[PDB]
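In: Whatever this is, show me its structure:
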Amino acid sequence: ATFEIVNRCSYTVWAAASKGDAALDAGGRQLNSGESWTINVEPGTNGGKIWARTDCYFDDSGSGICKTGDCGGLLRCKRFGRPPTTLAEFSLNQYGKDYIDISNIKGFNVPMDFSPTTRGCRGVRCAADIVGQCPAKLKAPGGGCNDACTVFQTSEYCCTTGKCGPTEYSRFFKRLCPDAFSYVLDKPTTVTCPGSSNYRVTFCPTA
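Out: Residues are numbered from 1 along each chain as shown. Please see the structure below:
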């Protein structure tokens, strides 16, 4: 499956793509404002994620650091990135279907649209200004808006025991972006697409 990753933001981002234990495609690449990078993701990829990283520096061997979304200091991500990170999430060819969603469970750094480029389903979007409206105690000094699990490390926010409910913090994310996961047990906003669909992830989809 092809995922065209497009940077409409006015600033550079470093796209990242991983399934947690491995890179997807090259795993990461710089995208200046306006650039597009098309990756190929193996069919049957389960638990894939794509995200943006901001204010990164890499040296000649591709080691450095990112202020949001850092995946162990690599340009080419092999693991998931450090919160806060708005997340495009997908599992492909799962009994004949693709499943896609956007999640704020690991916080928010960059607005995002995640849409099929082929027929038979709709896209999802979290493009509100969550960074600018972020509650005081969630603001990440490094840039972006942390989820409450990251900040407070409680069973209620992290949903450790599997029994959590919505919270003042999760409700802020859900109000800004009704169509993204705001906590682990949020009512699903996952979209079912035909197996082997193709996709576009757009950073900063709106003005």
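
In: Next, name the residue at the spatial heart of the protein.
Out: Most central in the chain under Cα atoms, centre = their mean is residue 87, positioned 1.3 Å from the mean C-alpha point.

In: Please report how far the residue lying closest to residue 112 once chain neighbours are set aside lies from residue 163.
Out: Of all residues not flanking residue 112 in the chain, residue 86 sits nearest, at 4.9 Å (Cβ to Cβ, 6 or more residues apart in numbering). Backbone N, C-alpha and C define where each C-beta goes, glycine included. According to Cβ to Cβ, to the nearest Å, residue 86 stands 26 Å off from residue 163.

In: what sits against the residue nearest to residue 112?
Out: 51-52, 102-104, 107-112, 126, 180 (Cβ atoms under 8 Å, 6 or more residues apart in numbering).

In: Where is the longest strand in the protein?
Out: Longest strand in the chain, counting residues (DSSP state E): strand 48-58.

In: Please compute how far it lies from its chain's middle.
Out: Chain-centre distance of strand 48-58: 9 Å, with Cα atoms, centre = their mean, to the nearest Å.

In: List the buried residues in the strand or helix carrying residue 149.
Out: Counting by DSSP states H and E, the element that carries residue 149 is helix 148-152. Buried residues in helix 148-152, counted by 16 or more other Cβ atoms under 10 Å: 148, 149, 150, 151.

In: how many neighbours does the closest residue to residue 12 other than its chain neighbours have?
Out: Distances taken as Cβ to Cβ, 6+ apart put residue 32 closest to residue 12, at 5.1 Å, once the chain neighbours are dropped. Residue 32 has 10 neighbours, counted by other Cβ atoms under 10 Å.

In: got it, and the one 10 residues further on?
Out: Residues near residue 42, counting by other Cβ under 10 Å, number 13.

In: Over to residue 156?
Out: If you count neighbours by other Cβ under 10 Å, residue 156 ends up with 17.

In: so what's it up against?
Out: The contact partners of residue 156, taken as Cβ under 8 Å, 6+ apart, are 164, 165, 167.

In: neighbours around the first one, how many?
Out: Translated: residue 164. 19.

In: Let's see which of the contacts of residue 86 end up in helices.
Out: With helices defined by DSSP state H, no entry of these lies inside them.

In: For residue 72, state which of those residues is nearest.
Out: Nearest to residue 72, judged by Cβ to Cβ, of the contacts of residue 86 is residue 51 at 14.0 Å.
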